[PDB]
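A single structure is presented below for examination.
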Amino acid sequence: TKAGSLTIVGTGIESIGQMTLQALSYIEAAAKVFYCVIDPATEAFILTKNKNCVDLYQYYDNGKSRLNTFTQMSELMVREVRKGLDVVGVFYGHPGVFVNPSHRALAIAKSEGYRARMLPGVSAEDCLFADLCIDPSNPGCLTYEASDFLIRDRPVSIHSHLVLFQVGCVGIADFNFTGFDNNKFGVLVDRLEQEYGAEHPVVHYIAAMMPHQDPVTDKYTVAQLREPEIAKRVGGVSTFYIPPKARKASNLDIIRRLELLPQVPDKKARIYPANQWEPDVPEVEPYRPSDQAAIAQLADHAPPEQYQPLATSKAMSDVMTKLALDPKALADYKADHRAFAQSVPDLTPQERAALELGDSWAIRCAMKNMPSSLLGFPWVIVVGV
Amino acid sequence: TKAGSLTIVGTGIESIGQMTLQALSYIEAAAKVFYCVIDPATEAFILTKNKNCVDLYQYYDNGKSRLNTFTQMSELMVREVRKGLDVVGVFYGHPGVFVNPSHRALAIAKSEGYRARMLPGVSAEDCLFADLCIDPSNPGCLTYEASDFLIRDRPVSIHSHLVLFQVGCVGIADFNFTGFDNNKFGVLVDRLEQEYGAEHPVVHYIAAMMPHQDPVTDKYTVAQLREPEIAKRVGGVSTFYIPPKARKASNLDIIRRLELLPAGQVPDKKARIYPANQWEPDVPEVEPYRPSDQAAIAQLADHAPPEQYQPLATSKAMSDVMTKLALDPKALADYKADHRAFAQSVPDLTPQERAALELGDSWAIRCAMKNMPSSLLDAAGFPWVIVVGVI
Ligand SMILES: Nc1ncnc2c1ncn2[C@@H]1O[C@H](CSCC[C@H](N)C(=O)O)[C@@H](O)[C@H]1O
Ligand SMILES: Nc1ncnc2c1ncn2[C@@H]1O[C@H](CSCC[C@H](N)C(=O)O)[C@@H](O)[C@H]1O
């Protein structure tokens, strides 16, 4: 209804390649783009995609509080929204993961009646999971800002993953172009010693920011973090991963209520692969007899009766791709399902009808051959069950 | 050295749009693609990008254990890696977030000496942060699988975010094509009642999976989850977000050791930075435009970039090659095999650009692409972009 919109998007962490297709498409469609990114290749890429970009990084300064910068960053965006423009804000990683001005700008825009949306992106923690070869689900994940972790005395779980952002600027909220001496780092190390012990591993993690670089995945003990030359290596893009100390046992009452015992595996017994960063992690066999038996079944395998093969058309595939990749086409479609579906070339009557309704079932039926036996979407992990 | 590679990538959650540019480029370059995705439009899109794709979803079956399915999915990928092929596995969301077979296949490939890598993608949790307008940093975030949360009695923190995946299939291991009756959902609700109380908010979250759908962001009390009509809305793609019950106080020792005080004038524990979490019970109104915010905005008119600001100053040739290294996996592989041979064959690079590319060091590339001023010098300060209770 009201003219003007704010869409905030991410670039991901690794230069260019970790931007989403939809983030790119909004950057291209925007009347004005405001960006804060860490590497010049991503900045240059963004400038080739829109003619009206502004670098938000220029609003930082030595001894200027970050809060004032953030207020300024968000106001620049919201000013253009108020004039009736389609504005896009672009931030490093995921634009709402450890980011102030994005949330501020969106909330102001939203409260004043403008269309406001954040699109998700790939965060440093997403990269961490990928590079450290860990799954947040096994055995759970605690994520904190390092200074917050200390100041508010946030609880750890020695049985779950712990991830700490901003380990290289403990207790420091000022800006400097030279960065800071991380003088209060020792206060974090003391907390980690207390919680985990001096010999427990800490993984210093830095995701590759350029496509050709390797990530930093350096295991240290908590005690090694006291060494000057090791502590020196922690900076503004450093994140700490601390693996579990031990494995949590199963609760008998829950086993009973969930009907899992008629037995349950030992707490030490694992599904391959085991977390390689955990201390005293045993070797897990990737090819047990049950695995070999399942692999033997591949030779005679046919799709089950209830499997739904894709059965769509170029015309339908094109329109669904266009709706995902063309914000203007999506907006037209959302404004009038029927008028949009009428104007799409080469659709079958079923495809047209499904697009007219817009319901997920109708579109699925149009694109997937549903067998008789069917008429259960793949959550793709098992835990200790 | 050894022929063959495995790259596992994600599609993100929302159909097509939430795939990363690098995920797409690897799907296109692969000799063989194996995929497991939820929606047919993403499936169709993948099939237009590579001519040799296999749907891994066909290896599920009624009454066949998920572990066996996962062993099979992994082996189909690794078999092609061992034939010397560049193999790409594709999974919904982030391919290592609540996914078994990706980690298995990568670990096997890596242990047998093949190139193995996971590329991150947008997870259901990433979507949740974006759609619910919360930041995991404020006030921390605990993320669990719902059945694991119950079975291993995982700790909640009433002062931090809690996110629970798989709340629509509590205690269910099996596979069925028609989905499952979430009969043990009451076991979860009891635990949430114990931890938070009957009147505490639980946000039922479903990210939009097609570009035109709206997300489900439905707030219920814990008690409301006991109603049959409410409970039945929770399905296989449902996630719960449970907001903080209260705000945690600062401790004096850390305040002192971090030297964050002249006198007792740290903000009160509830004096939040705008905006406040709208899902928290008894969330106070936070003023977006305090006097200090207005003073900051007033400085915009006379603003110029600081001396030490580094304007972009690159070339078409350099932005093109850096873009190509990000979007062309074959070009990246060549560049990594021999920095100098690659750099010297790139057309139209300046001497500095060529030299920076020959070295490959981030600083050399940065200095080739940005005008680093005298003011900045070379100490030999990048924008981490949140503050907590420090200001
Ligand atoms: N290349 C990298 N590797 C590891 N952690 C990183 C990183 N870049 C940023 N971070 C983490 O993020 C903090 C900056 S806060 C901004 C994070 C960004 N919005 C995101 O989605 O990740 C850093 O202090 C660090 O903890
Ligand atoms: N559209 C959606 N909205 C909210 N949560 C979702 C979702 N799709 C999947 N999930 C969550 O993820 C679980 C499946 S497990 C696979 C998750 C996927 N790899 C990811 O990166 O998120 C579901 O039980 C649900 O908790």
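Only this structure's heavy atoms are used, side chains among them; waters, hydrogens and symmetry mates stay out. Residue numbers start from 1 in every chain, and the chains themselves are labelled A, B, ... in the order their sequence lines are given, proteins ahead of strands.
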Inter-residue atom distance B:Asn138.CG - A:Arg152.CZ, 0.5 Å rounding | 8.5 Å
Please walk me through it: do A:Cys133 and B:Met118 pass side chain to side chain contact (heavy atoms under 4.5 Å, CB included)?
-> CA-CA 8 Å; A:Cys133 307; B:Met118 181 176 291; over 6 Å; no
Does the pair B:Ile254 and B:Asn251 meet the rule for a side chain to side chain contact (heavy atoms under 4.5 Å, CB included), with working shown?
-> CA-CA 6 Å; B:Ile254 298 296; B:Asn251 83 94; 3.4 Å; yes
Pair B:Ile386-A:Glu145, side chain to side chain contact (heavy atoms under 4.5 Å, CB included): steps then yes or no = CA-CA 9 Å; B:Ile386 44 138; A:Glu145 194 282 318; 3.5 Å; yes
Does the salt bridge (charged side-chain N to carboxylate O under 4.0 Å, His left out) test come out yes or no for B:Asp86 and B:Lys330, once each step is laid out?
-> CA-CA 11 Å; B:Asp86 295 317; B:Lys330 303 302 186 207; 3.3 Å; yes
Taking the side chain as every heavy atom from C-beta outward, state whether A:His161 and A:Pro244 have any atom pair closer than 4.5 Å.
-> yes
Please work out which of the three classes, parallel, tilted or perpendicular, describes the rings of B:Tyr335 and A:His212, given edges at 30° and 60°.
->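 A:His212 and B:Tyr335: perpendicular rings.
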Side chains of A:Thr221 and A:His200, donor plus acceptor under 3.5 Å = no
Give the minimum heavy-atom separation between A:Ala44 and B:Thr314, together with the two atoms involved.
->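 The pair with the smallest heavy-atom distance is CB-CG2, 4.0 Å.
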Just wondering, more than 12 heavy atoms not from A:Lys232 lying within 6.0 Å of its NZ?
-> no
Please tell me if the side chains of A:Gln166 and A:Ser147 come closer than 4.5 Å, counting only heavy atoms from C-beta onward.
->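 Side chain of A:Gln166 against side chain of A:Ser147, heavy atoms only: no contact under 4.5 Å found.
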Crowded around A:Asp181 CG? As in, over 12 foreign heavy atoms under 6.0 Å?
-> no
If we ignore angles and hydrogens, is there a donor and acceptor under 3.5 Å between the side chains of B:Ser375 and B:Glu307?
->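 Distance-only check passes for B:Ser375 and B:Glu307.
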Salt bridge present between A:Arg191 and A:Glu195 (N-O < 4.0 angstrom) |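 Counted as a salt bridge, because a side-chain N and a carboxylate O are separated by less than 4.0 Å.
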Taking atom NE2 of B:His339 and atom CG of B:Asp334, what is their separation to the nearest 0.5 Å?
->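 The NE2 atom of B:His339 sits 11.5 Å away from the CG atom of B:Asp334.
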SB check B:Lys316 B:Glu353 (cutoff 4.0 Å) =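 Here B:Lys316 does not pair with B:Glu353 in a salt bridge, since their nearest N and O are not under 4.0 Å apart.
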Residues B:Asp361, B:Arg366; criterion salt bridge (charged side-chain N to carboxylate O under 4.0 Å, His left out); working and verdict = CA-CA 9 Å; B:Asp361 304 316; B:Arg366 166 167 264 279; over 6 Å; no
Taking side chain as C-beta onward, heavy atoms only, is B:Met369 less than 4.5 Å from B:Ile365?
-> yes
Report the C-alpha separation of B:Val385 and A:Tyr92 in whole Å, then their side-chain angles, then the decisive distance to 0.1 Å, and conclude whether the side chain to side chain contact (heavy atoms under 4.5 Å, CB included) test is met.
-> CA-CA 9 Å; B:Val385 65; A:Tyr92 181 59; over 6 Å; no
Rounded to the nearest 0.5 Å, how far apart are CD1 of A:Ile27 and CD of A:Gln22?
->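 Those atoms lie 11.0 Å apart.
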Minimum heavy-atom separation for B:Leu260 to A:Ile151, with atom names?
->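 What the structure gives for the nearest pair is CD1-CD1, 3.9 Å.
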Which atoms form the tightest heavy-atom contact between B:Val387 and A:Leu67, and what is the distance?
-> CG2-CD2, 3.3 Å
Under 4.5 Å between any side-chain heavy atoms of B:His94 and A:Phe129, yes or no?
-> yes
The reported gap from NE2 in B:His103 to CG in A:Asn275 (rounded to nearest 0.5 angstrom) is 10.0 Å
Could you check whether the rings of A:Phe70 and A:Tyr60 sit parallel, tilted or perpendicular, using 30° and 60° as the cut-offs?
->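 Aromatic pair A:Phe70/A:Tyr60 classed perpendicular.
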More than 12 heavy atoms of other groups within 6.0 Å of B:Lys110 NZ | no
In terms of heavy-atom contacts, A:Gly17 and B:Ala326 come closest through N-CB, 3.9 Å
With side chains defined as the heavy atoms from C-beta onward, is the minimum distance between B:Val122 and A:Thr20 less than 4.5 Å?
-> yes
May I ask you to decide whether A:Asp190 forms a salt bridge with B:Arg257, counting only side-chain N to carboxylate O separations under 4.0 Å?
->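 Answer for the salt bridge query: yes.
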A:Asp174 side, atom CG; A:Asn62 side, atom CG - distance, nearest 0.5 Å |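 It is 10.0 Å, given to the nearest 0.5 Å.
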Are any non-hydrogen side-chain atoms of A:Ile16 and B:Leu327 less than 4.5 angstrom apart?
-> yes
A:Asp39 and B:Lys370 ion-paired at < 4.0 Å =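 Salt bridge between A:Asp39 and B:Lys370, a charged N being under 4.0 Å from a carboxylate O: no.
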Closest heavy-atom contact between A:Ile13 and A:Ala208?
-> CG2-O, 4.2 Å
Decide if atom NZ of B:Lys324 counts as having more than 12 heavy atoms of other residues, nucleotides or ligands within a radius under 6.0 Å.
-> no
Can A:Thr71 and A:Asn68 be counted as having a side-chain donor-acceptor contact under 3.5 angstrom?
->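 Distance-only check fails for A:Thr71 and A:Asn68.
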Can A:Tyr220 and A:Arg226 be counted as having a side-chain donor-acceptor contact under 3.5 angstrom?
-> no
Check: B:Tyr309/A:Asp55 side-chain N/O donor and acceptor closer than 3.5 Å = yes
Roughly how far apart are B:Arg117 CZ and A:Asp214 CG, rounded to 0.5 Å?
-> 9.0 Å
Where B:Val388 and B:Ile273 come nearest, the two heavy atoms and their spacing | O-CD1, 3.3 Å
Verify whether one side chain among A:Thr11 and A:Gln18 offers a donor that lies under 3.5 Å from an acceptor in the other.
->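 Short answer, no.
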Any side-chain heavy atom of A:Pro279 within less than 4.5 Å of one from A:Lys245?
-> no
Would you indicate whether the side-chain heavy atoms of A:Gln72 and A:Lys64 approach each other to under 4.5 Å?
->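 Counting from C-beta outward, A:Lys64 and A:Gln72 do come under 4.5 Å.
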May I ask you to check whether A:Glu125 and A:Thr239 show a side-chain donor-acceptor distance below 3.5 Å?
->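 Side chains of A:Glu125 and A:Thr239: no pair found under 3.5 Å.
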If only atom types and distance count, is the side chain of B:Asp293 paired as donor or acceptor with the main-chain N or O of B:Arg290 below 3.5 Å?
-> yes
Please check if atom CD in B:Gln344 has more than 12 non-hydrogen atoms from other residues, nucleotides or ligands closer than 6.0 Å.
-> yes
